[PDB]
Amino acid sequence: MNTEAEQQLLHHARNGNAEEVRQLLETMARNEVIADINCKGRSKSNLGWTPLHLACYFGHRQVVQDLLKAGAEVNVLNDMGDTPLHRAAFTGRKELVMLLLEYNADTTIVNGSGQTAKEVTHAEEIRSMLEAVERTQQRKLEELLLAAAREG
């Protein structure tokens, strides 16, 4: 099951209650409550979503920024295969994408449907941003593979 603390984290992150989120994170940082910051929702209202997925999808920037500052994993996957970046890009939230990209989100991750974040968005500025980063990550990955294969 989920702990009361991480049920509070899922609820406040989904609802954009930024001060309650931040207070929880300070308690979790000081090891005064049991709560995984990367917890997966376990209720009907959030099954398989992390607090970070919820806040990106519903557009709560202060929550996202506190979760990222607190060490949340940028590349968590939900039951659909989505990263938080898929959700922010799908909903056309340019600044959230900037933040996720800034915390080194992997853009090459393909969701359950076969789609990267670049190709679930309808905002042309986000698409361009993700295309630039994806090509950059792809080239860096291909050279690391090619090197590591030419040389054990």
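Just count from 1 along the sequence shown to find any residue number.
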Problem - Segment of higher mean CA temperature factor, 11-19 or 139-147 - result: 139-147
Practice task
Higher average CA B factor in the deposited record is what I'm after, so tell me if that's 40-48 or 81-89.
Solution key: 40-48
Fill in the blank from the handout: One of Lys94, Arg30, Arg61, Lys118 has the largest Cα B-factor in the entry, namely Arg30
Exercise for the section: Would you mind finding, among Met98, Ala105, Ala35, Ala55, the residue with the largest C-alpha temperature factor in the entry? Expected result: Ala35
